[PDB]
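Colleague: My structure is below; once you've seen it, I'll send some questions.
Number of protein chains: 2
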Amino acid sequence: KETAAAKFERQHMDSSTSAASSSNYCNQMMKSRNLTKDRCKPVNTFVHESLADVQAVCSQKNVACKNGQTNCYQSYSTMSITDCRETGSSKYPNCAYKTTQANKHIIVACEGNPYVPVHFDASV
Amino acid sequence: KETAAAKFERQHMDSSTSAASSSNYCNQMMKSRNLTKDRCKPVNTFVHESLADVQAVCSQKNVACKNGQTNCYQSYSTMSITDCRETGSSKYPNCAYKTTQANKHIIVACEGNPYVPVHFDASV
């Protein structure tokens with residue numbers, strides 16, 4: 001069964017780009033991650049920094065997650081992220097996305113042994 | 001001297017084809033890619049997606065290489081590859097290959113700075 005730790009890397013990690021490099025990053029990036037498989041996942045954030053630089057956020061500032069649960073942590077440093085949003089107009093099997101490059105702190109939910117990111121909570 | 005990745009690119013990149021269109025793709029390719037120069041290489045797989053998308057597996061699912069080395073990576077997406085097997089009848093200077101075509105997940109060894117595919121570990 002795909003694990004929660006691998007799901008996060010599949011949906012949010014991208015260490016080979018320094019940042020989204022063109023307006024098409026999202027449309028392809030999202031599909032290759034199989035995020036358009038059963039339907040337009042509507043919004044998705046990608047991080048272009050090391051898995052370690054990211055797993056390390058799990059030891060950074062502890063913050064309450066948007067769900068009220070307390071396993072979240074916020075990046076001390078800002079990180080290159082690429083934000084991906086379904087456009088009005090985006091429509092399952094033709095899902096379409098606006099790609100925004102940004103540098104901001106991220107919030108991830110952490111769990112298990114290595115302690116690593118299992119859910120992407122938000123960028124600030 | 002040919003780089004390990006230029007070599008990877010010569011031994012398995014095949015981006016001009018969606019896939020092998022005949023049982024003779026294999027005999028044709030094995031020879032041109034210089035792999036039958038000193039002996040009949042017995043086994044070898046060609047991948048039919050952009051170099052961009054193979055290099056992209058280098059940020060995909062970390063997996064252990066056949067040798068225990070961990071700089072291997074498994075493709076989130078399945079890919080069309082053509083499998084080439086040395087046939088009985090094949091006799092070095094007359095190498096013959098069985099051509100097998102499928103859509104499967106691939107495993108690459110990655111190395112250096114750009115991080116790129118240098119080794120074909122396996123298809124799943």
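Same order as they appear, the protein sequences are chains A and B.
Residue numbering for the first sequence follows the authors' numbering, starting at 1 and increasing by one per position.
Residue numbering for the second sequence follows the authors' numbering, starting at 1 and increasing by one per position.
Ideal Cβ positions, reconstructed from N, Cα and C, are used throughout, including at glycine.
1. Using only the alpha-carbon positions, how far apart do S89 (chain B) and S23 (chain B) sit?
2. I need the straight-line Cα distance from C72 (chain A) to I106 (chain A), nearest angstrom please.
3. When you compare the CB of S77 (chain B) with every CB in chain A, is at least one pair closer than 9 Å?
4. Throw me the rounded Cβ distance for the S59 (chain A) and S59 (chain B) pair, which I believe falls under 8 Å.
5. How about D14 (chain A): is its C-beta nearer than 9 Å to some C-beta of chain B?
6. For the segment 59 to 77 of chain A, list every residue whose C-beta sits within 8 Å of some C-beta in chain B, in sequence order.
7. Quick check on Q55 (chain B) - is its C-beta less than 9 Å from some C-beta in chain A?
8. Any Cβ of chain B within less than 9 Å of the Cβ of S23 (chain A)?
9. Using the C-alpha atoms, what's the distance from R33 (chain A) back to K61 (chain A)?
10. Quick check on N34 (chain A) - is its C-beta less than 9 Å from some C-beta in chain B?
11. Alpha carbon to alpha carbon, how far is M29 (chain A) from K104 (chain A)? Give it in angstroms, no decimals.
12. Out of curiosity, what's the CA-to-CA distance linking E111 (chain A) and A102 (chain B)?
13. Taking the alpha-carbon positions, what's the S50 (chain B) to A64 (chain A) distance?
14. To the nearest angstrom, report how far apart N27 (chain B) and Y115 (chain B) are at their CA atoms.
Modeller: By the coordinates alone:
1. In the second sequence, counting from the first residue as 1, residue 89 (chain B) sits at position 89. In the second sequence, counting from the first residue as 1, residue 23 (chain B) sits at position 23. So the two alpha carbons sit approximately 15 Å from each other.
2. Here residue 72 (chain A) refers to the residue found at position 72 of the first sequence. Here residue 106 (chain A) refers to the residue found at position 106 of the first sequence. Near 10 Å, if we compare the C-alpha coordinates of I106 (chain A) and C72 (chain A).
3. For the purposes of this step, residue 77 (chain B) is taken as residue 77 along the second sequence, with counting starting at 1. Interface residue, yes.
4. Position 59 of the first sequence, counted from the first residue, corresponds to residue 59 (chain A). Position 59 of the second sequence, counted from the first residue, corresponds to residue 59 (chain B). Incorrect: roughly 23 Å between the Cβ atoms, too far for contact.
5. As a first step, residue 14 (chain A) is located in the first sequence; it is residue number 14 there, counting from the start. Yes, contact with chain B.
6. none
7. By one-based count along the second sequence, residue 55 (chain B) stands at place 55. True, the Cβ-Cβ gap to chain A drops below 9 Å.
8. Indexing the first sequence from 1 puts residue 23 (chain A) at position 23. Judged by the 9 Å Cβ criterion, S23 (chain A) is not in contact with chain B.
9. Walking along the first sequence from the start, residue 61 (chain A) turns up at place 61. Walking along the first sequence from the start, residue 33 (chain A) turns up at place 33. Roughly 28 Å between the two C-alpha positions.
10. Your numbering for residue 34 (chain A) matches position 34 in the first sequence. Chain B, which has a Cβ nearer than 9 Å to the Cβ of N34 (chain A), makes this yes.
11. As a working note, residue 104 (chain A) is residue 104 in the first sequence. As a working note, residue 29 (chain A) is residue 29 in the first sequence. When rounded, the distance between both Cα atoms is 20 Å.
12. Translated into the one-based positions of the first sequence, residue 111 (chain A) becomes position 111. Translated into the one-based positions of the second sequence, residue 102 (chain B) becomes position 102. Cα-Cα distance, rounded: 37 Å.
13. As a first step, residue 50 (chain B) is located in the second sequence; it is residue number 50 there, counting from the start. As a first step, residue 64 (chain A) is located in the first sequence; it is residue number 64 there, counting from the start. Computed Cα separation, rounded: 42 Å.
14. Here residue 27 (chain B) is taken as the residue at index 27 of the second sequence, counted from 1. Here residue 115 (chain B) is taken as the residue at index 115 of the second sequence, counted from 1. Distance between the alpha carbons of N27 (chain B) and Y115 (chain B) is about 31 Å.
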